[PDB]
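Before any questions on how it binds or moves, here is one chain, the form deposited in one PDB entry, in structure tokens.
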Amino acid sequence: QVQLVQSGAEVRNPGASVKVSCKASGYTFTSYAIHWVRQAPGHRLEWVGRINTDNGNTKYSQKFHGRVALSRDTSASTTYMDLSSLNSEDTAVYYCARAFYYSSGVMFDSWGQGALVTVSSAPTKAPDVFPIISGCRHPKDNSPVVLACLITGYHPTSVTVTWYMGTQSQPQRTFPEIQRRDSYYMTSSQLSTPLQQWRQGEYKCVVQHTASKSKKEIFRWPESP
């Protein structure tokens, strides 16, 4: 079916530029126009610009003052948005959408998943991951064991956590990410099913942080202190 898939999230220093891609599939790419819309936190959707996938001509929102440029590669079935001179108000999810013509105004019948662009002066830093546990590693009082991983000191958001019992993925509980007093972020991921006993290394939390190109695994909860 008609599908728009965009590149991943990006983080940028203020005054830099970012190039977001949007690959189209499931239909004739050059037979439909592609628009770009952004969504800032606590803001409405804001139209960014249009580009004809055939002849490549563009039309931009005057609110951006020449800072946004749109391009397309018909061989790759992909449109690109380049937003230069980034500022803090440019932190937003950038969608691409297909223009379906309608005599009383075009519609956006297919939307891409969006790409988060974060504009920050704070450094990018990989997370520290700590194995945390409730009920002690080897309970003597029949208490259930709860495993979780404390994920702290990273920037920017976000991190992705998965749990594994061997190679089998395991259900988890997700929690919000909060910005610490030191402008860094912290969060937690809890293994959903309580435990009793397990061989050392049976369970693990895998914490991916694309911004820092780092993936950290924790597969050992040491003898209880």
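In this text, residue numbers run from 1 along the sequence as written.
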One third of the other compared structures is the cut-off here: is residue 139 left unmodelled in that many or more? yes
On average, are the C-alpha B-factors higher in 75 to 83 or in 91 to 99? 75 to 83
Compare the mean C-alpha B-factor of 43 to 51 with that of 166 to 174 as given in the PDB entry, and name the stretch with the higher value. 166 to 174
Highest Cα temperature factor in the entry, among the options 152, 121, 134, 110: which one is it? 110
Most elevated Cα B-factor in the entry, residues 213, 12, 216, 23: 23
Comparing against every modelled residue in the chain, figure out the third that the C-alpha B-factor of residue 66 lands in (lowest, middle or highest). middle
Sorting the chain's modelled residues by C-alpha B-factor and splitting them into thirds places residue 34 in the highest
Binned into thirds over the chain's modelled residues, the C-alpha B-factor of residue 160 lands in the middle
Which third of the chain holds residue 185 when residues are ordered by C-alpha B factor: lowest, middle or highest? middle
Residue 27, C-alpha B-factor rank within chain (lowest, middle or highest third): highest
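If you look for the form deposited in another entry, you will not find it shown, but the lines that follow are about it.
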In terms of the two rigid parts that describe the motion between the shown form and the other one, is residue 4 grouped with residue 110? yes
